[PDB]
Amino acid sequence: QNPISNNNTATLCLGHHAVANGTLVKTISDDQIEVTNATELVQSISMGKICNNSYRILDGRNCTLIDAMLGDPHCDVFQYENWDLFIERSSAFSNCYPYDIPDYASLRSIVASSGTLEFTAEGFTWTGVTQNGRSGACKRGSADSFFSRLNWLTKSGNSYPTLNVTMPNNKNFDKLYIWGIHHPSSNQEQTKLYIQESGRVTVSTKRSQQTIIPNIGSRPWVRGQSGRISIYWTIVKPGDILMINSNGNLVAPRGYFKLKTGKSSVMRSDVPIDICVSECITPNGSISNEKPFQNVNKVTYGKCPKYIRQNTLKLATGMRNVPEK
């Protein structure tokens, strides 16, 4: 009661710190509760550019991966390239013979994952035909040309003999062979180029085969051409053999691509590539990977935070903040 503390007493008070400006977090108990400090767990900002300092980034520029593989002339710079990540641009275009690839997406995936365009020519012998067919749809310089990796065969004299060739795989890796069939625009064109009215391509290994027939008919002109080539592929394992048998329309392989089991990929993005430090790439550019989550893009490559829908998640790093007064 005495206003002055007796000398034979003391007061001891227990307490905790507080800060003037706390921050709000969510718990199991409370929609919002103020804590002394919190940290952001969601990366929502990108670097606006793709960093090329950790992973080997290859800019496709005007070329798709497939066109670089086939050897579209404007893609010649890409011969024998390799990558961790191949960047495909929305403005890429094809500029050779018009073509399609049944299951295009699978071939793109296989090559992208392999991470290389290491190509090796092989000594195929094509008895009794003319090799190195070319087209005005595909200029290399100012000269009619063709996909560098394919060999467009046509008749010699008045005949196109049944082609029958073999190529054993005596290496220790998978060989990828790319080949095709030409689809003429008319019966007249078919017999003109290949003699046989009904073309056929059979590509086989010991335990698999692909049997293809040409498709004949008028189609919309693309670079002056109503004809088309359809592209196919065949993987030959070590100890297996490749066989090609055709009585017309064959667009022959010139060799093989080396297939690797890689950590490579392909990504669609229009963002510039520059010098900087990042271990995670998205179509929006590289991002920091300090945080466990990100809301930048579900498409990622590298050492990346997990994509989630939320744009912010605040983790408390301090106690409940209870300011004075």
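Numbers follow the displayed sequence, beginning with 1.
**Q** Quick one: higher average CA temperature factor, 152-160 or 234-242?
**A** Stretch with the higher mean C-alpha B-factor: 234-242.
**Q** Taking the mean of the C-alpha B-factors per stretch from the entry, tell me the winner out of 100-108 and 115-123.
**A** Higher mean C-alpha B-factor: 115-123.
**Q** From 12, 24, 315, 20, can you pick the one with the highest C-alpha B factor in the entry?
**A** By C-alpha B-factor in the record, 20 ranks first.
**Q** Which one, 202, 191, 247, 79, has the peak C-alpha temperature factor per the PDB entry?
**A** In the PDB entry, the greatest C-alpha B-factor among 202, 191, 247, 79 is found at 79.
**Q** Taking only the Cα B-factors deposited for this chain, tell me whether residue 128 sits in the lowest, middle or highest third.
**A** Answer is middle: the recorded C-alpha B-factor places it there.
**Q** Report the third (lowest, middle or highest) to which the CA temperature factor of residue 285 belongs, ranking only the modelled residues of the same chain.
**A** Within its chain, residue 285 is a middle-third residue by C-alpha B-factor, going by the deposited values.
**Q** Sorting the chain's modelled residues by C-alpha B-factor, tell me whether residue 173 ends up in the lowest, middle or highest third.
**A** Within its chain, residue 173 is a highest-third residue by C-alpha B-factor, going by the deposited values.
**Q** So where's residue 184 on the chain's Cα temperature factor ranking, which third?
**A** Within its chain, residue 184 is a lowest-third residue by C-alpha B-factor, going by the deposited values.
**Q** Based on the deposited C-alpha B factors for this chain, I'd like to know if residue 228 is in the lowest, middle or highest third.
**A** Lowest third - that is where residue 228 ends up once the chain's C-alpha B-factors are sorted.
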